[PDB]
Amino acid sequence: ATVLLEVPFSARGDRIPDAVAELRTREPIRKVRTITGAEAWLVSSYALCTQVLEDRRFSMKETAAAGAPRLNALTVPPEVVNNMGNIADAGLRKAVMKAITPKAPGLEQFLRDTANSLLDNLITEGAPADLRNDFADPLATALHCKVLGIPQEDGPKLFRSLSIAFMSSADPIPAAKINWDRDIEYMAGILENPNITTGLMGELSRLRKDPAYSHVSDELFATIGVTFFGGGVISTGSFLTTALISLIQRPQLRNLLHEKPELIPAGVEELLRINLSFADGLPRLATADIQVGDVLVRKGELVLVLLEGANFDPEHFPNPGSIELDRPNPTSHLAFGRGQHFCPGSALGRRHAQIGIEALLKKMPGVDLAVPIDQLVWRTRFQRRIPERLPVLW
């Protein structure tokens, strides 16, 4: 007798388990047990992943319901799971989305300047350098302070919440509440701070005092700052980190992008497609009985949309493990999700990675791992897959 198949399969973010393709072929929707002991349906084909993400009867909001089968414990208040819904209902969606595009004057130059400064500092100190802690994450943190309009010096303290805030835990996490409450207080102060006039928090600060938003809660305004800083930083920092591993492990690709930087956007799109940064399937709760492939999912059941299931599906992306810069369907991956909850920061996440990579390849054209790849230490029980340190030489 064996136990019900457990998820997640592996915290390693440098390779997809052979098991994923076997599951996709044999049983692209199948029952699994999550870290809480709850049962769930793991969906691993491109077709079924899209189906689930595009049917709102598979609800994000309802995953926060008391007594629901859980992927993991909430690390935010239950109402915050519906954060984008709350933003939309408040009439704030357009303004929030506009503030977090890479289009603001000076933003891309700021990114390039920041990347180059970080890289110059690594070069001065000499190899080995840690490209996560001393490049990708600092670049992500600087970017999000700029986007939010908050002081760069405040970034580190907000950043330090994230190793707990984005845990994927069987049980509630006391420290997550301590940090959440503290970071909310910080964002509340920012909204009352007359120095903060630019970026997302500058715009929210103004809308908060506009009559069209007088009955929008101060809690929501602060929540938007905490959730967008944390989500953006953890997502961009983690993605860039694991993309750099993928790049470094492909010297031919590294050289091509170095020689022809105009190909970096197409390269970043493939790096997004093959990215293993999301450690768990995206959770949804069925609000009706719904047929998904050979399974009738029942109302109240948990469904997990495995992004790498979709993104390595050879039926949609032939030779799925290979980076090919000339695919006919390059942005059709699910790295940013799909449907109602499609990532609002997709353009910014793309630009962060594109600029970081462009800068790294110019400054460190000889970049390579400084340790055998197996020596990377993969963070466990976390909502992202990331190496604790990424040691390189050049």
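Numbers for residues come from their place in the sequence shown, where the first is 1.
Peer 1: Do the C-alpha atoms of 292 to 300 or of 161 to 169 have the higher average B factor in the entry?
Peer 2: Mean B over CA atoms: larger for 292 to 300.
Peer 1: State which stretch shows the higher mean Cα B factor in the entry: 221 to 229 or 206 to 214.
Peer 2: Mean B over CA atoms: larger for 206 to 214.
Peer 1: Among 71, 272, 286, 95, which carries the highest Cα B-factor?
Peer 2: Largest recorded C-alpha B-factor: 95.
Peer 1: For the CA B factor values reported in this entry, which option in 141, 252, 133, 277 has the top one?
Peer 2: Highest C-alpha B-factor among the listed residues goes to 252.
Peer 1: Quick one: classify residue 364 as lowest, middle or highest third of the chain based on its Cα B-factor.
Peer 2: Within its chain, residue 364 is a highest-third residue by C-alpha B-factor, going by the deposited values.
Peer 1: Would you check the entry's CA temperature factor for residue 315 and let me know if it's in the chain's lowest, middle or highest third?
Peer 2: As the PDB entry reports it, the C-alpha B-factor of residue 315 lands in the middle third of its chain.
Peer 1: Quick one: classify residue 116 as lowest, middle or highest third of the chain based on its Cα B-factor.
Peer 2: For residue 116, whose C-alpha B-factor we compare with every modelled residue in the chain, the answer is the highest third.
Peer 1: Among the modelled residues of this chain, does the Cα B factor of residue 19 put it in the lowest, middle or highest third?
Peer 2: Highest third - that is where residue 19 ends up once the chain's C-alpha B-factors are sorted.
Peer 1: Where does the C-alpha B-factor of residue 77 rank in its chain, lowest, middle or highest third?
Peer 2: As the PDB entry reports it, the C-alpha B-factor of residue 77 lands in the middle third of its chain.
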